[PDB]
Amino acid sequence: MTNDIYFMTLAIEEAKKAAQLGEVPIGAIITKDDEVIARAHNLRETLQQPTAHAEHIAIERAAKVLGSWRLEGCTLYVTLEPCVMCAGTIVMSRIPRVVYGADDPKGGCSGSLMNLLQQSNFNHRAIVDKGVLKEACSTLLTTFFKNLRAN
């Protein structure tokens, strides 16, 4: 029983809310000192905003809470591997650590298609840990799309 696992379950809770809203089931949690400072879930379809991915929303919420665009000492937990946009957002908010669940072989940019969080040419790189509760994180997606298609 670890914090990483604990916080990921909280991210899965966010992913479930998204599923209840009819959105792709992806959730995110941001911590500082092992204290939740922000949480979010996918709201792209609900708000019709291209940036409404879970990580992106969480990052802006944490920035407001901390009073600065620099999220120093923060850790981001997300159920799915960050896409090109979120990976870049992580770089620009300078989050030092990212823990994610399932990999995204189709659009993942934190290890799959590329790792934008580990670029020597960027002014910031982040520690990247994957697999945390990936089975459960992955199940939410496959279930969602199964139903999406059936319907």
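Throughout, we count residues from 1 along the sequence that is shown.
- Item | Mean temperature factor over C-alpha atoms, higher-scoring stretch between 83-91 and 34-42 | Mean B over CA atoms: larger for 34-42.
- Comparing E55 with the other modelled residues of its chain, is its CA B-factor in the lowest, middle or highest third? As the PDB entry reports it, the C-alpha B-factor of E55 lands in the lowest third of its chain.
- Message: Using the temperature factors of the C-alpha atoms in this entry, rank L21 within its chain: lowest, middle or highest third.
- Response: As the PDB entry reports it, the C-alpha B-factor of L21 lands in the highest third of its chain.
- Message: What third of the chain does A126 rank in for C-alpha temperature factor, lowest, middle or highest?
- Response: Ranked within chain, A126 CA B lands in the middle tercile.
- Cα B factor band for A102 (lowest, middle or highest third within the chain): Middle third - that is where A102 ends up once the chain's C-alpha B-factors are sorted.
- By its CA B factor, does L66 count among the lowest, middle or highest third of the modelled residues in the chain? Ranked within chain, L66 CA B lands in the highest tercile.
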